[PDB]
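J.: Just dropping this structure here.
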Amino acid sequence: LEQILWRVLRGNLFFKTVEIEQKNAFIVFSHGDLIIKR
Amino acid sequence: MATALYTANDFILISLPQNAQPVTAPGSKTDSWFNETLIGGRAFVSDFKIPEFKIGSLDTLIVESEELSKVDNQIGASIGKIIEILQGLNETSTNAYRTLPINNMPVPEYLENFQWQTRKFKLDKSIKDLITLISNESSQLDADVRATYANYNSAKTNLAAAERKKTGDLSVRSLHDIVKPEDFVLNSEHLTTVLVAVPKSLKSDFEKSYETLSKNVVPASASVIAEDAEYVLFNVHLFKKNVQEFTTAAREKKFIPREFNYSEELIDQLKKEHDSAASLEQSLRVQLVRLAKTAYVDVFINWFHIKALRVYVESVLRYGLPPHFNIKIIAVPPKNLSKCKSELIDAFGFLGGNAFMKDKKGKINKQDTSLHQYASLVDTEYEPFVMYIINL
Amino acid sequence: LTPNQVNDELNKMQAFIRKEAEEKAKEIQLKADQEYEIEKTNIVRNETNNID
């Protein structure tokens with residue numbers, strides 16, 4: 001739902017990854033260096 | 001769909017790259033797949049590409065995309081407000097001004113020949129000032145037609161206020177159109193003029209009790225100088241001191257006394273107020289019709305340019321590389337946007353991704369939330385490629 | 001949950017990441033020579049005015 005909200009509110013300008021943790025989930029996003037505020 | 005769409009055709013604005021291909025026809029162009037592979041073989045394709053603008057970074061492109069989406073929604077609501085204001089005047093029916101030539105050319109011919117042509121815009125400046133200037137020009141054009149409609153409503157309220165003084169029930173109306181120099185004498189302080197409104201059944205009681213209603217009265221005044229729909233108007237001359245006894249006997253007789261004084265300035269201002277209100281409303285409607293037509297045409301052209309700039313900014317922001325893409329407008333018939341939207345969304349849904357593609361057809365809008373707009377600042381539907389729904 | 005969406009997202013993110021840096025470098029390289037030319041003109045004008 002966070003990837004659907006990020007894709008609906010920001011387009012295809014992000015990375016959708018998921019990592020299993022000990023429960024928790026490891027997520028990682030990639031974007032530009034000047035779009036850290038948005 | 002749309003609030004001003006009665007018998008107008010629907011168009012779908014799609015944007016894709018120049019090296020993309022569909023999923024139902026590998027090794028074919030998008031134009032041949034839209035023309036030949038269209039639903040029913042009647043899909044009309046037109047050019048909708050425009051010139052590229054100067055882009056500084058993605059941070060200004062995101063704020064230009066959100067401001068272009070909000071200005072596109074405000075221009076879309078301002079076009080429907082001017083369309084409803086022009087339709088409310090009875091100057092455009094449900095089969096005119098929606099399926100006729102606008103701007104002296106057709107919707108498909110003018111939309112196919114729309115190559116970013118303007119008379120006050122440029123190609124080397126920022127798109128944010130042009131979109132904000134177009135949204136401010138459309139908002140001022142709708143505000144001018146709204147102010148003209150409010151002035152026409154105030155002139156109609158002034159004409160309706162003058163209509164109660166012109167005629168009707170004798171409770172607030174005064175005789176200023178049937179007055180003569182032989183029925184109301186107010187040239188001296190001895191004699192005066194007093195109006196008495198009596199019913200049709202109480203005419204003989206007021207005519208017989210008119211002499212005994214007050215002292216110092218004038219006989220032979222029982223005549224129908226004015227007529228109403230609920231009572232009759234009679235003229236009686238007497239002194240100013242006997243107005244209290246005549247009004248007391250008239251109130252005890254179940255009659256309706258009228259307070260009227262002989263004056264030419266009251267009838268002249270009463271007729272001049274209704275004449276000035278009627279001429280002001282008559283001029284305000286004729287000015288509001290042409291102002292609503294020009295504001296509707298300028299709001300249509302600004303809505304088309306803002307829709308093309310929002311489609312190009314949405315395709316450039318959603319697509320990324322390369323900077324150039326193939327943007328065109330597909331003309332669909334009435335009640336056929338669901339098949340072209342489901343076939344185009346199902347065919348072009350694999351370009352963006354297999355996890356963000358869903359089956360959808362048509363455009364369903366709601367009063368609580370406008371859906372199917374492709375908003376980038378609020379919660380709404382999203383697809384893999386740029387897709388906009390325009391209902392004329 | 002598909003790899004093609006992540007590959008297309010990274011493929012667009014690389015071109016956008018290059019286009020942002022090129023868009024900044026074109027602006028800085030567009031402004032720097034004009035600023036240096038303006039200061040280089042103003043200093044010579046002030047020096048000629050003091051010399052006269």
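Ordering of the structure tokens sets the chain letters (A, B, ...); residue numbers start at 1 within each chain; ligands are numbered from 1 in the order shown.
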Compute the chain C side of the contact with chain A at 7 Å, counting only C-alpha atoms, and hand it back as a ChimeraX atom specification.
T.: /C:6,9,13,17
J.: With a distance threshold of 10 Å and counting only C-alpha atoms, extract the residues of chain B near chain C and express them as an MDAnalysis selection string.
T.: chainID B and resid 54:59 317:323 350:356 384
J.: Show me, as a PyMOL selection string, the residues of chain B whose atoms get within 6 Å of chain A, using only C-alpha atoms for the distance check.
T.: chain B and resi 318+376-377+382
J.: Output N, CA and C atoms for every residue in that selection, as an mmCIF file, in the first residue's frame.
T.:
data_model
loop_
_atom_site.group_PDB
_atom_site.id
_atom_site.type_symbol
_atom_site.label_atom_id
_atom_site.label_comp_id
_atom_site.auth_asym_id
_atom_site.auth_seq_id
_atom_site.Cartn_x
_atom_site.Cartn_y
_atom_site.Cartn_z
ATOM 1 N N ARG B 318 6.356 11.229 -15.488
ATOM 2 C CA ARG B 318 6.091 9.817 -15.240
ATOM 3 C C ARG B 318 6.980 8.915 -16.087
ATOM 4 N N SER B 376 -1.668 13.946 -8.997
ATOM 5 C CA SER B 376 -0.353 13.648 -8.445
ATOM 6 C C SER B 376 -0.126 14.307 -7.089
ATOM 7 N N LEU B 377 -1.170 14.885 -6.499
ATOM 8 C CA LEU B 377 -1.049 15.537 -5.200
ATOM 9 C C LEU B 377 -2.089 14.999 -4.226
ATOM 10 N N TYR B 382 -4.481 5.546 -10.527
ATOM 11 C CA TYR B 382 -3.190 5.654 -11.189
ATOM 12 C C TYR B 382 -3.028 4.489 -12.154
#
J.: What gap, in Å, lies between CA of residue 118 (chain B) and CA of residue 312 (chain B)?
T.: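 Between CA of residue 118 (chain B) and CA of residue 312 (chain B) the gap works out to 16.6 Å.
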J.: Using only C-alpha atoms, determine which residues lie at most 12 Å from residue 88 (chain B), disregarding the query and same-chain residues fewer than 6 positions distant; provide the list as a ChimeraX atom specification.
T.: /B:4,80-82,94,149,285,288-289,292
J.: Can you spit out the residues from that selection as a compact mmCIF listing (two decimals), in the first residue's frame, using N, CA and C atoms?
T.:
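Written out: again-v6.txt:
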# COMPACT_ATOMS: atom_id res chain seq x y z
N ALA B 4 -21.42 19.25 -18.47
CA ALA B 4 -21.87 19.94 -19.66
C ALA B 4 -21.84 19.06 -20.90
N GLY B 80 -16.72 24.03 -16.66
CA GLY B 80 -18.07 23.55 -16.41
C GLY B 80 -18.95 24.59 -15.74
N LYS B 81 -18.34 25.52 -15.01
CA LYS B 81 -19.11 26.61 -14.41
C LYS B 81 -19.54 27.61 -15.47
N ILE B 82 -18.68 27.88 -16.45
CA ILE B 82 -19.05 28.78 -17.54
C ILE B 82 -19.99 28.09 -18.51
N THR B 94 -28.93 21.40 -25.29
CA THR B 94 -28.18 20.20 -24.96
C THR B 94 -27.59 19.53 -26.20
N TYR B 149 -23.43 37.68 -14.00
CA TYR B 149 -24.64 36.95 -13.64
C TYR B 149 -25.19 37.41 -12.30
N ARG B 285 -28.08 41.31 -19.05
CA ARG B 285 -28.24 39.99 -19.66
C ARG B 285 -27.52 39.92 -21.00
N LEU B 288 -23.91 39.82 -20.24
CA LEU B 288 -23.54 38.58 -19.57
C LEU B 288 -23.55 37.41 -20.55
N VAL B 289 -24.32 37.51 -21.63
CA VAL B 289 -24.34 36.46 -22.63
C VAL B 289 -23.04 36.45 -23.43
N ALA B 292 -20.20 35.55 -21.12
CA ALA B 292 -20.18 34.12 -20.84
C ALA B 292 -19.70 33.33 -22.05
J.: Which one of B:291, B:196, B:77, B:219 sits closest to residue 250 (chain B) if you count only C-alpha atoms?
T.: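 Selected residue with least distance to residue 250 (chain B): B:196.
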